[PDB]
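Chemist: Just dropping this structure here.
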Amino acid sequence: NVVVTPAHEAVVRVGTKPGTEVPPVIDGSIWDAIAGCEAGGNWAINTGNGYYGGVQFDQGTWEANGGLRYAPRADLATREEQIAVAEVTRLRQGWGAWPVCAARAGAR
């Protein structure tokens, strides 16, 4: 079948501690500079627009990459969690969803 199969699987078994161990991401600098751009550097920001603190992307996209395991909302998760969720998102699109903030942060 030419129909390509992506990783819909997401085991990552957490026990109780939300974010027991999240591997540091070197591009978290781009993620932090984006956060510093769009949020003014506020990962606990909740403007009330449906997009949560830090890199300021929506509940749906957050949930789509499965950020909820880190925290059902980015303003509950920390830098590295917004990084992880955005990591899936950036992985597919690049920084296309991240405007001039990504360019400023180091789009790649």
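Ordered as shown in the structure tokens, chains take letters A, B, and onward, while each chain numbers its residues from 1 and ligands are numbered from 1 in the order shown.
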So that I can check the surroundings of residue 87 of chain A, please list as a PDB file with C-alpha atoms, in the first residue's frame every protein, DNA and RNA residue that reaches within 9 Å of it, counting only C-alpha atoms and ignoring chain neighbours fewer than 3 positions away.
Modeler:
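The resulting out06.pdb:
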```pdb
ATOM      1  CA  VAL A  25      15.778  20.303  23.427  1.00  0.00           C
ATOM      2  CA  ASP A  27      15.949  24.293  19.767  1.00  0.00           C
ATOM      3  CA  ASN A  65       0.355  16.958  19.258  1.00  0.00           C
ATOM      4  CA  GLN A  82       5.664  23.675  25.158  1.00  0.00           C
ATOM      5  CA  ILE A  83       8.846  22.697  23.436  1.00  0.00           C
ATOM      6  CA  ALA A  84       7.802  19.022  23.304  1.00  0.00           C
ATOM      7  CA  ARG A  90       7.398  22.042  14.056  1.00  0.00           C
ATOM      8  CA  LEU A  91       8.474  18.598  12.996  1.00  0.00           C
ATOM      9  CA  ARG A  92       5.745  18.452  10.376  1.00  0.00           C
TER      10      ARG A  92
END
```
Chemist: Compare A:41, A:24, A:6, A:94 by their minimum atom-to-atom distance to residue 107 of chain A, counting only C-alpha atoms, and give me the closest one.
Modeler: A:94
Chemist: I'd like the contact shell of residue 55 of chain A - 7 Å cut-off, only C-alpha atoms, skipping same-chain residues fewer than 5 positions apart - returned as a ChimeraX atom specification.
Modeler: /A:31,34-35,38-39,82
Chemist: Just checking: using only C-alpha atoms, which residue out of A:29, A:89, A:47, A:1 ends up closest to residue 66 of chain A?
Modeler: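 When distances to residue 66 of chain A are compared using only C-alpha atoms, the smallest one comes from A:89.
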Chemist: Which is closest to residue 79 of chain A among A:19, A:32, A:2, A:9, if we use only C-alpha atoms?
Modeler: A:32
Chemist: Smallest atom-to-atom distance to residue 64 of chain A: which of A:77, A:33, A:11, A:88, using only C-alpha atoms?
Modeler: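 Among A:77, A:33, A:11, A:88, it is A:88 that comes nearest to residue 64 of chain A.
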Chemist: Using atom CA of residue 46 of chain A and atom CA of residue 104 of chain A as the two end points, give the distance in Å to one decimal.
Modeler: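 Result for atom CA of residue 46 of chain A versus atom CA of residue 104 of chain A: 22.6 Å, one decimal.
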Chemist: My list of candidates is A:15, A:36, A:28, A:5. Which is closest to residue 100 of chain A when distances are computed with only C-alpha atoms?
Modeler: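 When distances to residue 100 of chain A are compared using only C-alpha atoms, the smallest one comes from A:36.
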Chemist: Give me, as a ChimeraX atom specification, the residues of chain A that a backbone DSSP run labels helix (DSSP H, G or I).
Modeler: /A:28-39,59-64,67-69,79-93,100-105
Chemist: May I ask for the distance between atom CA of residue 86 of chain A and atom CA of residue 68 of chain A, given in Å to one decimal place?
Modeler: 12.2 Å
Chemist: Go through A:106, A:53, A:30, A:69 one by one, measure the shortest atom-to-atom distance of each to residue 10 of chain A using only C-alpha atoms, and give the residue with the smallest value.
Modeler: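 For residue 10 of chain A, the nearest of the given residues is A:69.
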